[PDB]
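Below is one structure, written out as structure tokens; the observations come after it.
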Amino acid sequence: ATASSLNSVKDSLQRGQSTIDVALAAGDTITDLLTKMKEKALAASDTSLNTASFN
Amino acid sequence: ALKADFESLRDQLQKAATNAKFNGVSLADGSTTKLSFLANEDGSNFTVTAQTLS
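Chains as they are written, first to last, in the entry's author numbering: chain H, 56 to 110; chain G, 111 to 164.
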């Protein structure tokens, strides 16, 4: 009965690995958008741009 | 005649000083005291003091 019960534990572990894989797949694009946001802000910090570039 | 040419040159000088600008900003017309261009990724500036020529 114990050895049969272990299969559900393996299924739960595999389900948790799948959930973490989905979270990492989202984190890739989240980090990329954060990098592009830092680029846009660091470029906007310059005072030599005209108002249209800042907008 | 020398006075008239002197006044015409002063007007052309003021015009050329007015036209010294690049995409709406300048270091020559006196519209601003300085421009702070980027120096590093953290946002530190490389200041360039304006030199008015008006």
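All residues carry an ideal CB built from backbone N, CA and C; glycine is no exception.
Exercise. Report yes or no: do the stretch 122 to 141 of chain G and the stretch 81 to 92 of chain H share at least 3 C-beta pairs separated by less than 8 Å?
Key: no
Exercise. Return the chain-ordered list of same chain residues with a C-beta closer than 7 Å to the C-beta of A99 (chain H), the five sequence neighbours on each side being excluded.
Key: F109
Quiz prompt | Spatial distance of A138 (chain G) from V158 (chain G) (CA atoms) | solution = 12 Å
Exercise. Grab me the residues of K131 (chain G)'s own chain with a C-beta within less than 7 Å of its C-beta, minus the 5 sequence neighbours each way, in chain order.
Key: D139
Exercise. Give, in chain order, every residue of the stretch 112 to 135 of chain G whose Cβ lies closer than 9 Å to some Cβ of chain H.
Key: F132, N133, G134 and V135
Exercise. Could you check what DSSP says for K65 (chain H) in three-state terms: helix, strand or coil?
Key: helix
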